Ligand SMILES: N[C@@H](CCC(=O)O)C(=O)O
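Next up: just one chain, as structure tokens, the form solved without the ligand.
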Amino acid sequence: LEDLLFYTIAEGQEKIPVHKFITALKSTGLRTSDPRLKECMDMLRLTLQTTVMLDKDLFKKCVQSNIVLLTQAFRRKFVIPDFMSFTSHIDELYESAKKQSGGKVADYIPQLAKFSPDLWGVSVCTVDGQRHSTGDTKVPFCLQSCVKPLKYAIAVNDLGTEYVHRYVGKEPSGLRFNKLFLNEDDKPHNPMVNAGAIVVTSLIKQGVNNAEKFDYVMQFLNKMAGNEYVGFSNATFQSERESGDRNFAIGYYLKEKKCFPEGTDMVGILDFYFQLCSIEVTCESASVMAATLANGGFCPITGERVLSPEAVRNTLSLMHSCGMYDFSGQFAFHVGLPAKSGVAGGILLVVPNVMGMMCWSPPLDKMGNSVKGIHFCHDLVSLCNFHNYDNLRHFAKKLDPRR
């Protein structure tokens, strides 16, 4: 194994230069900081202080702990084998959406209004841990409604579908009912609207205070993002709470109609709910969260199982049909990917079995969705055969980046 891969990377010459190995490694799309590569990069750093050039036996020493993963990377066995070609396509789509500079930045609170209209970043993480970022991908921003699927998933993971769906429905309202809080069975319509998300919030880690509930959720997001940036915006929390009249309206109505688990402190659930909307990510950390969803609940950069299959399948289903506000039907039809948008300008996107993305540009269209994000998501499915109901064999002129 260690030896066979030596012959792939050497191919004549009995010594591999270190940079040659690293630069072939990066070109698969793995980063050198990948947690699954640490034994190998540790042994490499130590070799460079013990002697820029590797024999068979020294290469064996470095890679033998991580050899299964390096083999797949070098045998082009990753989900996207020509990743360099792919990223060049992402970059083109990025540049094309960059010309769409209309929309209006959200301003209802000071913290959304301050963000520049020209911030625009796209991050990819495949289900094999291959990474790409273009534009403003290391700039923190609040998840807002992008957190709705993540706390839904956490709820289904801990409690099961059956319990969760005793409290929250499973369908879009339909466009003329995007301002009823309840369906005919007196449940919120689905987890992706505010009333539904407020009830989901009330299910998570019952019988502990908000500090522990918050810490428990944050632990969960950490694992989903493979330990990348997950932070918190107190400024955003305070504004959300000092101006969430509509969500307070939702909470009293739900209390009235008995929508909560017994023993619920509705006013504290609203506090929890605003906290969760204020959790901060970057394009890069969030792309990994989306890839966990794309990868059956396994984080692709650590290999850790974070969510049950049930949790992930339910979440992708509801993101497909209810994920993009009143554009949910049009998006399902034209893009046909699980996606969730937010008022900060994020679009969490999942291509099941392939990758997770986060697109972010603050300016929103009249439905609440990032203009550039929406433009990018249309272009991505125009280009690649990723639509849910694209055929994997007969896909016309679309490119299939899995071949």
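In this text, residue numbers run from 1 along the sequence as written.
Below, we refer to the form deposited with the ligand bound, which is not included among the displayed structures.
Contact with the ligand, judged by heavy atoms within 4.5 Å in the bound PDB entry, is confined among 353 to 361, 337 to 345, 52 to 60, 32 to 40 to 337 to 345. At a distance threshold of 4.5 angstroms between non-hydrogen atoms, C277 is in contact with the ligand in the bound PDB entry.
Using a 4.5 angstroms threshold between heavy atoms, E240 counts as touching the ligand in the bound PDB entry.
Under a 4.5 angstroms non-hydrogen atom cutoff, the ligand in the bound PDB entry has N247 among its neighbouring residues.
Taking the partner from elsewhere, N194 is found to have a heavy atom lying within 4.5 Å of the ligand in the bound PDB entry.
Site residues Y167, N190 and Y252 are none of them in contact with the ligand in the bound PDB entry, judged by any heavy atom within 4.5 Å. Comment: the ligand is not present in this chain, but in the bound PDB entry one of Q130, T201, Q144, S285 has a heavy atom within 4.5 Å of it, namely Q144. A single residue from the set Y273, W120, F83, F331 has any heavy atom within 4.5 angstroms of the ligand in the bound PDB entry; that residue is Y273. Contacts between 304 to 336 and the ligand, taken as any heavy atom within 4.5 Å in the bound PDB entry, involve only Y325.
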